[PDB]
Structures are given as structure tokens and as C-alpha cells.
Amino acid sequence: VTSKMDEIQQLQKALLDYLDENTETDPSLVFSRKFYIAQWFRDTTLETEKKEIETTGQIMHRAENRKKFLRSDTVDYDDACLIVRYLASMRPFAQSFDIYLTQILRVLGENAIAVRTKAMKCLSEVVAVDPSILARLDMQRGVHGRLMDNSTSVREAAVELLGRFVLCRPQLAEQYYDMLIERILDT
DNA sequence: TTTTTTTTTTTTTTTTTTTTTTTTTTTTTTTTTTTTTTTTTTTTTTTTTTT
């Protein structure tokens with residue numbers, strides 16, 4: 001939330017020149033260079049796996065990789081930061097968070113108290129980092145269920161979540177106020 | 001007298017420790033059941049004693 005708001009091969013070339021200069025500046029950078037090389041190699045093969053059109057494309061790709069490894073201007077630091085951020089944002093990691101969330105909701109129905117308590121508490125932390133996530137209907141029904149759950153621990157965790165979320169975003173809190181202030185008499 | 005230097009006191013910040021509180025789990029004394037054994041009492045026959 002604080003970051004986002006054939007050319008790819010040319011970018012790979014540019015990053016290689018950046019690191020190449022930094023080899024002169026400081027040792028151990030050669031290891032990083034070889035590591036990036038291997039990672040590009042395996043990523044092209046793994047996308048290849050999913051054909052003859054991309055077969056010819058990847059054989060020029062991979063041959064260029066072999067050549068360019070054998071081959072061991074003016075681009076600098078911030079540029080390198082933004083390029084590698086972009087190329088990482090292409091990788092199958094930045095679009096993983098969503099998946100992770102789903103996993104968490106599998107936990108909420110379980111047969112052990114402590115795990116559910118801690119899950120709810122960490123979720124409270126999660127939402128209090130990014131306040132615009134109480135939109136997906138499944139999480140809504142989750143926090144409702146846990147508000148009606150049959151154990152005092154998860155009950156206090158849930159009410160703490162809902163209260164901190166209400167406190168953070170000043171307006172738009174009159175929609176949770178009723179379900180909140182119902183809960184005072186909870187034994 | 002005034003300027004320059006030293007020291008003590010007061011107050012705020014922080015960090016570590018302590019206390020508190022609830023909750024959940026555990027393991028223990030407490031409580032009840034059943035049995036059952038002992039001991040006291042009972043009986044009846046045997047033994048002793050009396051006319």
C-alpha cells in the first residue's frame with residue numbers, strides 16, 4: 001500500500017550493467033550477478049512449460065542469456081531500485097497476499113482455542129495496518145461469527161478488533177456501533 | 001560589582017521488573033458407593049449342679 005500508488009530483456013541488461021559497475025566498487029557482487037542470471041534462466045524455462053512460437057522465442061532468449069553471461073551505461077542507484085522493484089512485481093510473489101488471506105479464514109473454524117485467539121489478534125493487527133480491508137464479505141461474516149463465538153478469549157479479541165477499527169477511521173463508524181454497543185452484557 | 005565557573009536539586013524519560021487479571025488446563029482433596037469385616041449379641045445345646 002505504500003509502494004504501488006522483449007524490452008524486459010533490455011531491463012535485465014541494464015541491471016547487469018549496474019551490478020557490473022558495483023563489482024568494481026565492491027566484491028561479492030559477482031555472486032549476485034550469477035544468482036540473478038540463474039533465476040532469469042529458470043523463470044523463462046518455467047514459463048515455457050506453461051508452443052513452437054514461444055519455443056523459438058525462448059531459444060533466442062536462452063541463447064542470449066548464455067552469450068551475455070559469457071560477456072562478463074550511466075545507469076545509477078535509484079534507477080536500479082525502481083527497475084528491480086518492477087521486475088519483482090512481475091514475479092509470482094507480489095500477488096500472493098490475497099491467497100494468504102484465504103488460508104487464514106480456514107483457521108477460524110478449528111478445534112483449539114489458543115490458535116483461533118492468536119489468529120484473530122494477528123488479523124486485528126493486519127486490519128489496523130491497512131484500514132481499507134473490511135470490504136470483502138467473507139471476512140465480514142468471519143468477524144460476525146467470531147463475535148458470536150462460544151469462548152470468552154476470541155470474544156474479547158474480536159471486540160478489540162472492531163473497536164480499534166472504529167477508532168481509526170473516524171466517520172463511517174455508525175454502522176458498527178449498534179452491533180458494538182449490544183455486547184456490553186457478555187458475562 | 002560584575003562576570004565566569006562549579007554543584008546541588010528537581011523533574012522527565014525510559015526500561016526493567018513487578019503486579020494483576022483472566023482464562024484455560026490439570027491434578028487432588030473431597031465426597032459417595034459398595035463391601036465387608038469385626039465385634040457384640042443371641043441361641044441352643046451341652047454341661048454342671050441341685051432336690
# chains A, B, ... in the order shown; residues from 1 in each chain; ligands from 1
call {"tool": "closest_atom_pairs", "arguments": {"of": "chain B", "to": "chain A", "cutoff": "12 Å", "atoms": "only C-alpha atoms (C1' of nucleotides)", "output": "JSON lines"}}
result
{"residue": "B:22", "atom": "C1'", "partner": "A:153", "partner_atom": "CA", "distance": 9.1}
{"residue": "B:23", "atom": "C1'", "partner": "A:153", "partner_atom": "CA", "distance": 7.2}
{"residue": "B:24", "atom": "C1'", "partner": "A:113", "partner_atom": "CA", "distance": 8.9}
{"residue": "B:25", "atom": "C1'", "partner": "A:113", "partner_atom": "CA", "distance": 11.7}
call {"tool": "closest_atom_pairs", "arguments": {"of": "region 56-109 of chain A", "to": "region 123-130 of chain A", "cutoff": "12 Å", "atoms": "only C-alpha atoms", "output": "Markdown table"}}
result
| residue | atom | partner | partner_atom | distance |
| --- | --- | --- | --- | --- |
| A:97 | CA | A:126 | CA | 11.6 |
| A:100 | CA | A:123 | CA | 11.8 |
| A:101 | CA | A:123 | CA | 9.4 |
| A:104 | CA | A:123 | CA | 8.7 |
| A:105 | CA | A:123 | CA | 10.0 |
| A:107 | CA | A:123 | CA | 11.5 |
| A:108 | CA | A:123 | CA | 10.8 |
call {"tool": "atom_distance", "arguments": {"atom1": "CA of residue 156 (chain A)", "atom2": "CA of residue 178 (chain A)"}}
result
16.9 Å
call {"tool": "closest_residue", "arguments": {"among": "A:172, A:185, A:147, A:46", "to": "residue 91 (chain A)", "atoms": "only C-alpha atoms"}}
result
A:46
call {"tool": "select_by_dssp", "arguments": {"residues": "region 120-181 of chain A", "states": "alpha helix (DSSP H)", "output": "ChimeraX atom specification"}}
result
/A:120-129,137-147,152-168,177-181
call {"tool": "closest_residue", "arguments": {"among": "A:77, A:49, A:27, A:131", "to": "residue 1 (chain A)", "atoms": "only C-alpha atoms"}}
result
A:131
call {"tool": "residues_around", "arguments": {"residues": "region 7-10 of chain A", "least_positions_apart": "4", "cutoff": "12 Å", "atoms": "only C-alpha atoms (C1' of nucleotides)", "output": "number ranges by chain"}}
result
A: 14-17, 37, 40-41, 44, 57-58, 60-62, 64-65, 68, 83-84, 86-88, 90
call {"tool": "write_last_selection", "arguments": {"atoms": "N, CA, C and O atoms", "output": "JSON list (two decimals), in the first residue's frame"}}
result
[["chain", "number", "residue", "atom", "x", "y", "z"],
["A", 14, "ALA", "N", 20.29, -3.78, -18.44],
["A", 14, "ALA", "CA", 20.60, -2.56, -17.70],
["A", 14, "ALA", "C", 21.00, -2.87, -16.26],
["A", 14, "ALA", "O", 21.97, -2.31, -15.73],
["A", 15, "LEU", "N", 20.22, -3.74, -15.60],
["A", 15, "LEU", "CA", 20.55, -4.13, -14.23],
["A", 15, "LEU", "C", 21.92, -4.80, -14.20],
["A", 15, "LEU", "O", 22.68, -4.61, -13.24],
["A", 16, "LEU", "N", 22.23, -5.60, -15.22],
["A", 16, "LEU", "CA", 23.52, -6.26, -15.27],
["A", 16, "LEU", "C", 24.64, -5.23, -15.36],
["A", 16, "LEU", "O", 25.70, -5.40, -14.75],
["A", 17, "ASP", "N", 24.42, -4.13, -16.09],
["A", 17, "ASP", "CA", 25.46, -3.11, -16.15],
["A", 17, "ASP", "C", 25.62, -2.38, -14.81],
["A", 17, "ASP", "O", 26.75, -2.09, -14.39],
["A", 37, "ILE", "N", 21.23, -14.32, -12.88],
["A", 37, "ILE", "CA", 21.29, -14.99, -14.17],
["A", 37, "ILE", "C", 20.54, -16.31, -14.11],
["A", 37, "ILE", "O", 19.66, -16.59, -14.94],
["A", 40, "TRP", "N", 16.67, -15.76, -13.84],
["A", 40, "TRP", "CA", 16.07, -15.47, -15.14],
["A", 40, "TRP", "C", 15.98, -16.72, -15.99],
["A", 40, "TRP", "O", 14.97, -16.96, -16.67],
["A", 41, "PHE", "N", 17.03, -17.55, -15.95],
["A", 41, "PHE", "CA", 17.07, -18.76, -16.75],
["A", 41, "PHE", "C", 15.94, -19.70, -16.36],
["A", 41, "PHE", "O", 15.14, -20.13, -17.21],
["A", 44, "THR", "N", 12.35, -18.26, -17.27],
["A", 44, "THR", "CA", 11.99, -18.43, -18.67],
["A", 44, "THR", "C", 11.62, -19.87, -18.97],
["A", 44, "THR", "O", 10.62, -20.13, -19.65],
["A", 57, "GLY", "N", 11.05, -18.23, -29.42],
["A", 57, "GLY", "CA", 11.32, -17.08, -28.56],
["A", 57, "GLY", "C", 12.25, -17.41, -27.41],
["A", 57, "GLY", "O", 13.23, -16.71, -27.17],
["A", 58, "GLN", "N", 11.96, -18.50, -26.70],
["A", 58, "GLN", "CA", 12.80, -18.89, -25.57],
["A", 58, "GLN", "C", 14.16, -19.41, -26.01],
["A", 58, "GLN", "O", 15.11, -19.30, -25.24],
["A", 60, "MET", "N", 15.92, -18.13, -28.51],
["A", 60, "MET", "CA", 16.72, -16.92, -28.65],
["A", 60, "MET", "C", 16.99, -16.27, -27.29],
["A", 60, "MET", "O", 18.10, -15.79, -27.04],
["A", 61, "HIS", "N", 15.98, -16.26, -26.42],
["A", 61, "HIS", "CA", 16.12, -15.80, -25.04],
["A", 61, "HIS", "C", 17.27, -16.48, -24.31],
["A", 61, "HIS", "O", 18.18, -15.83, -23.79],
["A", 62, "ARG", "N", 17.24, -17.82, -24.26],
["A", 62, "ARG", "CA", 18.24, -18.60, -23.54],
["A", 62, "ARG", "C", 19.61, -18.50, -24.19],
["A", 62, "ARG", "O", 20.63, -18.45, -23.48],
["A", 64, "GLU", "N", 20.72, -15.90, -25.82],
["A", 64, "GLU", "CA", 21.15, -14.57, -25.41],
["A", 64, "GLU", "C", 21.62, -14.55, -23.97],
["A", 64, "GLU", "O", 22.58, -13.86, -23.63],
["A", 65, "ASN", "N", 20.94, -15.29, -23.10],
["A", 65, "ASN", "CA", 21.39, -15.45, -21.73],
["A", 65, "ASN", "C", 22.79, -16.06, -21.65],
["A", 65, "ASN", "O", 23.65, -15.54, -20.93],
["A", 68, "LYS", "N", 25.32, -13.57, -22.90],
["A", 68, "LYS", "CA", 25.50, -12.41, -22.04],
["A", 68, "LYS", "C", 26.26, -12.78, -20.77],
["A", 68, "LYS", "O", 26.99, -11.95, -20.23],
["A", 83, "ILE", "N", 13.73, -0.34, -11.23],
["A", 83, "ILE", "CA", 13.66, -1.46, -12.17],
["A", 83, "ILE", "C", 13.46, -2.78, -11.43],
["A", 83, "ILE", "O", 12.61, -3.59, -11.81],
["A", 84, "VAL", "N", 14.30, -3.05, -10.42],
["A", 84, "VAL", "CA", 14.18, -4.34, -9.76],
["A", 84, "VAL", "C", 12.87, -4.43, -9.00],
["A", 84, "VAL", "O", 12.31, -5.53, -8.88],
["A", 86, "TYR", "N", 10.05, -3.21, -10.16],
["A", 86, "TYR", "CA", 9.12, -3.59, -11.22],
["A", 86, "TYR", "C", 9.24, -5.07, -11.57],
["A", 86, "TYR", "O", 8.24, -5.80, -11.58],
["A", 87, "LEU", "N", 10.46, -5.51, -11.90],
["A", 87, "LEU", "CA", 10.69, -6.91, -12.25],
["A", 87, "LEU", "C", 10.28, -7.87, -11.14],
["A", 87, "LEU", "O", 9.81, -8.97, -11.43],
["A", 88, "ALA", "N", 10.44, -7.47, -9.88],
["A", 88, "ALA", "CA", 9.92, -8.27, -8.79],
["A", 88, "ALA", "C", 8.40, -8.28, -8.81],
["A", 88, "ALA", "O", 7.78, -9.33, -8.62],
["A", 90, "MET", "N", 6.64, -8.25, -11.25],
["A", 90, "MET", "CA", 6.18, -9.22, -12.23],
["A", 90, "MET", "C", 6.21, -10.64, -11.68],
["A", 90, "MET", "O", 5.42, -11.48, -12.13]]
call {"tool": "atom_distance", "arguments": {"atom1": "CA of residue 43 (chain A)", "atom2": "CA of residue 25 (chain A)"}}
result
28.9 Å
call {"tool": "atom_distance", "arguments": {"atom1": "CA of residue 20 (chain A)", "atom2": "CA of residue 45 (chain A)"}}
result
24.8 Å
call {"tool": "closest_residue", "arguments": {"among": "A:134, A:117, A:144, A:13", "to": "residue 166 (chain A)", "atoms": "only C-alpha atoms"}}
result
A:134
